[PDB]
Amino acid sequence: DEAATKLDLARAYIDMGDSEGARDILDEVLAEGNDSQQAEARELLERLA
Amino acid sequence: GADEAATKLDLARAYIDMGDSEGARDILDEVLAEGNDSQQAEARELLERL
Amino acid sequence: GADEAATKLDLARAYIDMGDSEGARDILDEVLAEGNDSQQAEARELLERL
């Protein structure tokens, strides 16, 4: 699943302090993921905000 | 196809973030084969910076 | 040290979700050598699941 992969990649960016990169990837999840994946993405986005 | 290239572009840039140019290189090669015109152009730019 | 291992652990999870177990194993091999006890433990758990 591409959305689930991007969620992990977003977490990897967050590890490296690349917040802008993580943000853009989490936006891809919003577009690609199912409802629960969108939820997870928004959770991480808020944590950045 | 293009949705796989989007994933691989994210992966490759993660490798650049880490400083692994060689790792990025192998993946960017797959973006060149999989991605749309826009994604191929991004891959080419990144490859030239490596 | 533990920051790079944490990043690699998430990258490994990404490879697994891509169905790329071979790539995940190569990355996890690095976590085993680089990570703290907790990170190593997670790498082992991921490897045994794969």
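Throughout, a chain's letter reflects where its sequence line sits, starting with A, and its residues are numbered from 1.
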Do [X] and [Y] have side chains that approach each other closer than 4.5 Å (heavy atoms only, starting at C-beta)?
X: C/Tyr15; Y: B/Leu11; result: yes
X: B/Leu46; Y: B/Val31; result: no
X: A/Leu30; Y: A/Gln37; result: no
X: A/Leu45; Y: A/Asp27; result: yes

Over all heavy atoms of both residues, which pair between [X] and [Y] is shortest? Give the atoms and the distance, please.
X: A/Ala3; Y: A/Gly33; result: CB-CA, 3.6 Å
X: A/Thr5; Y: C/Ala14; result: CG2-O, 3.5 Å
X: C/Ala12; Y: C/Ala24; result: O-CB, 3.7 Å
X: B/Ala2; Y: B/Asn36; result: CB-ND2, 4.3 Å

- prompt: What residues form a salt bridge (charged side-chain N to carboxylate O under 4.0 Å, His left out) with C/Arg13, not counting sequence neighbours?
  reply: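 Testing C/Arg13 for salt bridge (charged side-chain N to carboxylate O under 4.0 Å, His left out), a comparison that skips the adjacent residues, returns C/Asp10, C/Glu42.
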
message: What verdict does the side-chain contact (heavy atoms from CB on, under 4.5 Å) test give for C/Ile27 and C/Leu9, after you've listed the backbone C-alpha separation in whole Å, the side-chain angles of each residue and the deciding distance to 0.1 Å?
response: CA-CA 8 Å; C/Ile27 293 191; C/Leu9 278 174; over 6 Å; no

What's the separation between atom [atom1] in [X] and atom [atom2] in [Y], rounded to the nearest 0.5 Å?
X: A/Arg47; Y: A/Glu43; atom1: CZ; atom2: CD; value: 7.5 Å
X: A/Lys6; Y: A/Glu32; atom1: NZ; atom2: CD; value: 3.5 Å
X: C/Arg25; Y: C/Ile16; atom1: CZ; atom2: CD1; value: 9.0 Å

task: Check step by step if side-chain contact (heavy atoms from CB on, under 4.5 Å) holds for C/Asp17 and A/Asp1.
output: CA-CA 6 Å; C/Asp17 279 317; A/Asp1 177 80; over 6 Å; no

